[PDB]
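Just the one chain here, the form solved without the partner chain, laid out as structure tokens.
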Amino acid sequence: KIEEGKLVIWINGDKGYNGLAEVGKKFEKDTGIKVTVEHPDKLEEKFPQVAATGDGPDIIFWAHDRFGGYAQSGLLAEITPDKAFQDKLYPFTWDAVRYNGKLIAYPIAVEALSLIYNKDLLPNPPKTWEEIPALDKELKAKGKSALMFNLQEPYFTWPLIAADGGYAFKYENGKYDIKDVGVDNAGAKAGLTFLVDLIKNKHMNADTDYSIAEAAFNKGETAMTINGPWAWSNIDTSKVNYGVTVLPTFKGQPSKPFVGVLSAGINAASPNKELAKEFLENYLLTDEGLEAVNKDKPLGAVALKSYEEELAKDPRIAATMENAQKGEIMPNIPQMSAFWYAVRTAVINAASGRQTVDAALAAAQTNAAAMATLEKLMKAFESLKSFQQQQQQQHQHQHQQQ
């Protein structure tokens, strides 16, 4: 039961839902069909539960990486935009909303890491990673540092690692090959070796986490930091004069940060598929549609070419998109769990000097496969719980038989 004759939308609380409701208000005045916008707690946890039974919203807004799991479960419907509508959004975004060859969601916003520099300390940010060590010595004389960013999470260190030919899984033929991992290749080796060399030459500290990195830049202690659009608001409050720009190149190659895409998916159980399509394609994914949402709570860089060109007058939003286009799209597959587990360990152990770069990255392959087994066990036993509960109910009972 989702109610035929109306649309119900689920979007997270930190987004411009009131602005989205104004698009749904515009939709009513034209079609006479009422659009409700709901923003429930942990909707990402709730959606798989309710949609499995045939309930939940008509449309759901979330990051694309979580949509891979929804489509695996058959909770999302295959969308049908034509060639001409597909030309409206940046071609690279459409690859993020693909599962099993077929398209499963509409890309809305684009999210990726950028290089954030202090304008007062550093008017000309470096274009290369290689010139940062020399730039640190020049700033250490003034009692400052060149660069401080989170080293604990692989998400932040990956841009450098992937610069030279490092990848999570090979994306070819619209499918991720899980037998083709680019974690201990030549380019990932050099990327991490540069990061470790930065640490043992005291240009960075191996223990630097998110808090330590943010607090440093916002006090004016460090000239540069690596962070996403979610951090801009806190830098605005610190009164620091900052700029957001393209990430530094390593061995002439651009940094490849992970790209997160906010996407709109249609519930497979929805009896209003065509209505949702009309809403999303012809009301929301238009200049006026995205503007209403952006004015409530900024979307950052958007998928729609026409509206992105208008936001890109903000040099920070242009930088987000530029880094995104040069970046790697976040894979939406289940194997991504084992990847994080292994690479998080790999970088920690190389940065501490516990393992060589060569041996820490080699260990990732065997460490991720090990984690896949725990997940493989996890699913097997929860299946048995269900099986026993299944029979326990019908077949032999305190008041039944077979």
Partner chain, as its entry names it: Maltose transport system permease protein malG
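Numbering follows the first chain given and starts at 1.
- Mean CA temperature factor is higher for 220 to 228 when stretches 155 to 163 and 220 to 228 are set side by side in the entry.
- Taking the PDB entry as given, 137 to 145 carries the higher mean Cα B factor of the two stretches 96 to 104 and 137 to 145.
- Remark: of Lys83, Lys277, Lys256, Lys189, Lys83 shows the highest value [criterion: C-alpha B-factor in the PDB entry].
- Which of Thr193, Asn323, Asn124, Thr249 has the largest Cα B-factor in the deposited entry comes down to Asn124.
- Among the modelled residues of the chain, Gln390 sits in the lowest third by CA temperature factor in this PDB entry.
- Placement of the Cα temperature factor of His64 within the chain: lowest third of the modelled residues, per the deposited record.
- Annotation for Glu328: C-alpha temperature factor in the lowest third relative to the rest of the modelled chain, per the entry.
- Sort the chain's modelled residues by C-alpha temperature factor and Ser114 lands in the lowest third, per the entry.
- Annotation for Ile212: C-alpha temperature factor in the highest third relative to the rest of the modelled chain, per the entry.
There is another form of this protein, the form deposited with the partner chain bound, and it is not shown here; the text below is about that form.
- Contacts between stretch 208 to 247 and the partner chain, counted in the deposited complex as any heavy atom lying within 4.5 Å, involve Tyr210, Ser211, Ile212, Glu214, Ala215, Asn218, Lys219, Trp230, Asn234, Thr237, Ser238, listed in sequence order.
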